[PDB]
Each structure stands twice: as C-alpha cells, then as structure tokens.
Amino acid sequence: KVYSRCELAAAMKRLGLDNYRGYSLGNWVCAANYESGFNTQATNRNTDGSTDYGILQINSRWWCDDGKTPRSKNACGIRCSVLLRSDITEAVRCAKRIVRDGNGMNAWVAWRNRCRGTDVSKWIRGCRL
C-alpha cells in the first residue's frame, strides 16, 4: 500500500509516535517519506545479505527475521514479512524499539540526511489527524 502523507501521519499519531522519546510526529512522517516514499512494500536488498523492509526500511540483520540473513538477530520478535503489510502497527512497534535501543533516530540514514535539519512540521501541514 502507498499511504498518502496525511493518511500515514494520522495512523502514526493513533499508534503513539507523536513526541515518542522526544521525536515529534513530523520526524516519523519525514523519515518514512525518504526511506520508502510511503510504500509498505518497499525493500532494499543490501550487499551484506540483509534486507531493509517496509515503510521505515527496518533491517533484517538486527530487528526482524527473514530466514535468509546470515549472522542475524531478531530484536523486535517478528518475521520481516509483517513489515510488508498495509497495517503499520507492527512497523510502528518495532520502530519504537529501534529509537529506545539506539537513543534516537540515527538508525534511519535518510532521516539523518533529509529530515534532521528541516522544519519537520511541514510533513504534517494540512493533515487531519
């Protein structure tokens, strides 16, 4: 599913991301925009045998099990396939753990590069949440 920007903003707010561990809602919407373009079915096969999954491009070496990533852990306790679903509930739950365990959003390279230095509230402009 390709979410609209505001549809995703509303879904993320309902699941508790606004100001989660100090990151306003716009951070999470901005991150999704640049990581996946709001596509729940996005993947990125990395050279190192891991794959990034879903709307937040969560990596299979650390966070979820895809059954084919050498030298892997499953910190979120999920199959990576749950991150390719239209319902973002499991992706959000895992993203929260990523931000707890990493003390921030630096796990998301596109957020680091495209979101940090911007007014991330722009990503919530117009949105009925």
# chains A, B, ... in the order shown; residues from 1 in each chain; ligands from 1
>>> residues_around(residues="residue 63 in chain A", least_positions_apart="4", cutoff="9 Å", atoms="only C-alpha atoms", output="list in words")
residues 58, 59, 72, 73, 74, 75, 76, 77, 78, 80, 94 and 98 of chain A
>>> select_by_dssp(residues="chain A", states="strand (DSSP E)", output="PyMOL selection string")
chain A and resi 43-45+51-53+58-59
>>> residues_around(residues="residue 32 in chain A", least_positions_apart="4", cutoff="7 Å", atoms="only C-alpha atoms", output="PDB file with C-alpha atoms, in the first residue's frame")
ATOM      1  CA  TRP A  28       8.419   9.938  11.625  1.00  0.00           C
ATOM      2  CA  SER A  36      10.257   4.305   1.456  1.00  0.00           C
ATOM      3  CA  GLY A  37       8.184   7.018  -0.211  1.00  0.00           C
ATOM      4  CA  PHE A  38       5.318   5.783   1.972  1.00  0.00           C
ATOM      5  CA  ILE A  55       7.659   1.877   5.207  1.00  0.00           C
ATOM      6  CA  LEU A  56      10.535   2.541   7.637  1.00  0.00           C
TER       7      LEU A  56
END
>>> closest_residue(among="A:79, A:71, A:13, A:112", to="residue 26 in chain A", atoms="only C-alpha atoms")
A:13
>>> residues_around(residues="range 114-120 of chain A", least_positions_apart="4", cutoff="8 Å", atoms="only C-alpha atoms", output="short mmCIF file (atom, residue, chain, number, x, y, z; two decimals) with C-alpha atoms, in the first residue's frame")
data_model
loop_
_atom_site.label_atom_id
_atom_site.label_comp_id
_atom_site.auth_asym_id
_atom_site.auth_seq_id
_atom_site.Cartn_x
_atom_site.Cartn_y
_atom_site.Cartn_z
CA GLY A 26 6.76 15.12 11.63
CA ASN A 27 10.06 13.31 12.19
CA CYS A 30 9.57 12.66 7.09
CA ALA A 31 11.59 9.51 7.78
CA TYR A 34 12.60 9.48 2.35
CA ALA A 110 17.54 9.09 5.09
CA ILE A 124 2.01 17.46 8.99
#
>>> atom_distance(atom1="CA of residue 22 in chain A", atom2="CA of residue 41 in chain A")
27.7 Å
>>> closest_residue(among="A:1, A:21, A:14, A:97", to="residue 62 in chain A", atoms="only C-alpha atoms")
A:97
>>> residues_around(residues="residue 7 in chain A", least_positions_apart="3", cutoff="8 Å", atoms="only C-alpha atoms", output="list in words")
residues 3, 4, 10, 11, 127 and 129 of chain A
>>> write_last_selection(atoms="N, CA, C and O atoms", output="PDB file, in the first residue's frame")
ATOM      1  N   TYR A   3       0.724   4.792   1.244  1.00  0.00           N
ATOM      2  CA  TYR A   3      -0.032   5.759   2.041  1.00  0.00           C
ATOM      3  C   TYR A   3       0.095   7.151   1.467  1.00  0.00           C
ATOM      4  O   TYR A   3       1.144   7.518   0.967  1.00  0.00           O
ATOM      5  N   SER A   4      -0.951   7.966   1.619  1.00  0.00           N
ATOM      6  CA  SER A   4      -0.753   9.401   1.490  1.00  0.00           C
ATOM      7  C   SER A   4      -0.009   9.931   2.724  1.00  0.00           C
ATOM      8  O   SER A   4      -0.066   9.334   3.803  1.00  0.00           O
ATOM      9  N   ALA A  10      -1.805  10.426  10.296  1.00  0.00           N
ATOM     10  CA  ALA A  10      -2.915  10.105  11.196  1.00  0.00           C
ATOM     11  C   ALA A  10      -2.702   8.726  11.820  1.00  0.00           C
ATOM     12  O   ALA A  10      -2.945   8.520  13.005  1.00  0.00           O
ATOM     13  N   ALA A  11      -2.310   7.735  11.018  1.00  0.00           N
ATOM     14  CA  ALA A  11      -2.094   6.373  11.518  1.00  0.00           C
ATOM     15  C   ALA A  11      -0.966   6.335  12.554  1.00  0.00           C
ATOM     16  O   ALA A  11      -1.070   5.659  13.596  1.00  0.00           O
ATOM     17  N   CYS A 127      -2.807  18.217   7.475  1.00  0.00           N
ATOM     18  CA  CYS A 127      -3.319  16.891   7.804  1.00  0.00           C
ATOM     19  C   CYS A 127      -4.374  16.879   8.898  1.00  0.00           C
ATOM     20  O   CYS A 127      -4.158  17.421   9.994  1.00  0.00           O
ATOM     21  N   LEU A 129      -5.619  14.656  11.562  1.00  0.00           N
ATOM     22  CA  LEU A 129      -5.002  13.528  12.255  1.00  0.00           C
ATOM     23  C   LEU A 129      -5.998  12.687  13.017  1.00  0.00           C
ATOM     24  O   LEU A 129      -7.202  12.959  12.996  1.00  0.00           O
TER      25      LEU A 129
END
>>> atom_distance(atom1="CA of residue 64 in chain A", atom2="CA of residue 121 in chain A")
29.8 Å
>>> select_by_dssp(residues="range 14-109 of chain A", states="helix (DSSP H, G or I)", output="PyMOL selection string")
chain A and resi 14+25-36+80-84+89-101+109
>>> closest_residue(among="A:9, A:15, A:44, A:128", to="residue 29 in chain A", atoms="only C-alpha atoms")
A:9
